[PDB]
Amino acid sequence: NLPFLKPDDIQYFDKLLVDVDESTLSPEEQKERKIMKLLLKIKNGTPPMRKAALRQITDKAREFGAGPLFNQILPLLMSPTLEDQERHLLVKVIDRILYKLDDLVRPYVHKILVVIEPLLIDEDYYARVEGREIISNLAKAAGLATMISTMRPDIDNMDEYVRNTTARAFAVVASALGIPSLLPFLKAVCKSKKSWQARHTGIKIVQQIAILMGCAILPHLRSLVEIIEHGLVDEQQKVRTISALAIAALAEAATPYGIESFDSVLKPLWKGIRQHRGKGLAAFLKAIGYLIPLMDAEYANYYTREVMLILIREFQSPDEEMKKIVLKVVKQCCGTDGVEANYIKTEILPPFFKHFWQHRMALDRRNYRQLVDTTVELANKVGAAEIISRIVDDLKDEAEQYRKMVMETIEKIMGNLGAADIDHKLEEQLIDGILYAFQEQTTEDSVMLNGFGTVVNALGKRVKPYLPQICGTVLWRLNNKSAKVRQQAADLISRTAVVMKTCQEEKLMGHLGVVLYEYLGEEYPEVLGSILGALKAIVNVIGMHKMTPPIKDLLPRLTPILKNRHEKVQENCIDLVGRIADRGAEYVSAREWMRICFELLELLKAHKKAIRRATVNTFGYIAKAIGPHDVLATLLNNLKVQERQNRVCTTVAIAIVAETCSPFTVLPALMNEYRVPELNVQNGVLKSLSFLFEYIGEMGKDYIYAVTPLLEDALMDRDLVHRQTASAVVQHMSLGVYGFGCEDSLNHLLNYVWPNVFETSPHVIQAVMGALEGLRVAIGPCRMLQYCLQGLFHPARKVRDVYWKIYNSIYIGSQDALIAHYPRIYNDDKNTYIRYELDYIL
């Protein structure tokens, strides 16, 4: 049939709508129509039909020719209405047909490249990788010589954009056919004396080669640098700039190996940073920055000492890009061995914090990020307190961006290195600065919260004297007009609960718990969840006995909050109720727990995973707290009265109760609920048994004999749903008690599971197969092979079918074990079947 056509498809395959079916009417251009048909089947259509069309177009690729094939493909590729997945389908048909037609594409190479060269600079990353894949397939199809002959004239075009595009195309063909394939061509181009754009694009080719191939250029690194080294001292300025950038990219790709292959370009760069300025100096410094980490400690010391004066001079350049490059180079220098920290804190740090740590940098995003990361990395070598002291007093700056920048820096440094490096003065000014920065903030963003939490947790016990002021401020901010302020306060309490606990300030945290309890009536859901989390933290640090408010008053207040619809409130409230049920269970009555039970069964159906995990945990906690009998009874009655949608909740709860209160408290009542003559309640009991055994796992090792007679009755109950569910039960049974010595009981159950293999209903036969696979796992493949042998060969064809299905299952499952279990098949006149080696006796 003809697949569907979207509007934009009409212009491309409209000729397929015409009903002139007869091929003799076609003037040998059925090839055109055949390609149109195949491409329409590939682009639009199910996986089977597009697979068939792809195979068809690949098997006939040479019979068609590259000409019409690409003259129909390329228009579709550059269409602005093309979807990304359609583009991928086109790229894959392209590379397959290109593999098929070897040199048939050579004349059209040019015509192809100009259509697909823009893809190499497209914003979409996948478009770029597809363009590179297409160029590489082209270079593998059409010879290297053809690629060179086709892309050579553009290397000295006056426009620079075409030069860049052909340079990256040459990089791609170098990746496709190997660097040594282009080594002589690039060596000749980089020294081309006729044009300077030629050598410019040549060393740009090697730069893009490094950028694209990464560490895979380490074998040819010395050859590439020997090809491009002369361009450093070339009198044209742009070519030496791009040769410096190419050296930078080569060092970046080769990290951390291959410094010895750079022994030539060290002296030219060293001279150039004294003989250059502007963008060329930036390029030279960037190359040296990516080059320094590869050096040995001694030579790193020497070379950094040589370049340090020039770079700290450039520290104060008007061009911000030069500032970014010198920031990266100081980060690269101080991150390596050899340059010791005393040198850094004597020479580099003062001008660094002079010219780089000014408020102007707190506005540009990338400058902000690079400055912060550079300072944090410096702290790893020079010392945490050494850097924190130079910027801590700036925490009290009224420019909010500057103080948030310094706050993030202090946060990351103290999270990396703790606080053992900090003395008393630095500690006090840290506390003062974080207090001011938290009190005077317009927005409620997480930088200040994270900084406060991390600095307090890093100080640890050292924070005892400042806790009264911290808690006064958090109490003052809890009573605020903005919800996102009290939310942040509650989150700070949640994060510093344990460090307050170690400081032994339990009365203050009790007051915090009381004000949170009285704020529990909050309307905004996110901040209510935050204060619930703070309450949970407080109840976790101080015990369930000395908790204020008492648990007796705290839990019934939480009970109605479970009906709130917001997921954050749900998760936090469930977690708090669960901690209470784990520890302070003795303080509330059994009926409050039963009401919470009723409102927890619903939350087992939450779509968010954490909410239902918490629900499971707290339900198990309260089931361990109160008696299993009452909840089990109401759950069994629920099992009877409930429909399928909410029956899964009650079965999961039954399994949870069986796991927390050992199953002999749940299995008797469940199994007796099976004797009622109604069959649907029997099926519900069977499904609950199935999930119970899957859920308890190894716990069910002591209960196979108990549930055995019910399964005997259910497996020949002449109701297909019952047999299917019972087979699922024994499957989960055997998979849960694997390796716990339940071989005899499961072998007994196997005899009742087996006769159901001759069933036709797909669901019940797949359930029986799953039961047999689990029984293979638990009993062993030898016994299942013993059961299969009696029917592997047999006059009846259908019994052969079923027994060969079972054999295939156990053979795929345990192919290597069967070696010891195959029967002794004697020889005959025609063949020899005895495995004589296994009969050897030493």
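From 1 onward, residues are counted along the sequence shown.
*Asks:* Decide which of the stretches 496-504 and 697-705 has the higher mean C-alpha B-factor, going by the entry.
*Replies:* Looking at the record's C-alpha B-factors, the answer is 496-504.
*Asks:* Mean C-alpha B-factor higher for 743-751, or for 349-357?
*Replies:* Higher mean C-alpha B-factor: 349-357.
*Asks:* Per the entry's Cα B factor values, which of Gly774, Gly791, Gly813, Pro27 stands out as the maximum?
*Replies:* So the option with the highest C-alpha B-factor is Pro27.
*Asks:* Could you say which of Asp154, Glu659, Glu586, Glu571 has its CA atom at the highest B factor, as listed in the PDB entry?
*Replies:* Each of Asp154, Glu659, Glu586, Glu571 was compared by C-alpha B-factor; the highest is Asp154.
*Asks:* C-alpha B factor of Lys331, ranked within the chain: lowest, middle or highest third?
*Replies:* Middle third.
*Asks:* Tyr402: which third of its chain by C-alpha temperature factor?
*Replies:* It falls in the top third of the chain.
*Asks:* Is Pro762 in the lowest, middle or highest third of its chain when residues are ranked by C-alpha B-factor?
*Replies:* Top third by C-alpha B-factor.
*Asks:* Can you tell me whether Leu785 has a C-alpha B-factor in the lowest, middle or highest third compared with the other modelled residues of the same chain?
*Replies:* For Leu785, the deposited C-alpha B-factor lands in the lowest third.
*Asks:* Would you check the entry's CA temperature factor for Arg305 and let me know if it's in the chain's lowest, middle or highest third?
*Replies:* For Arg305, whose C-alpha B-factor we compare with every modelled residue in the chain, the answer is the highest third.
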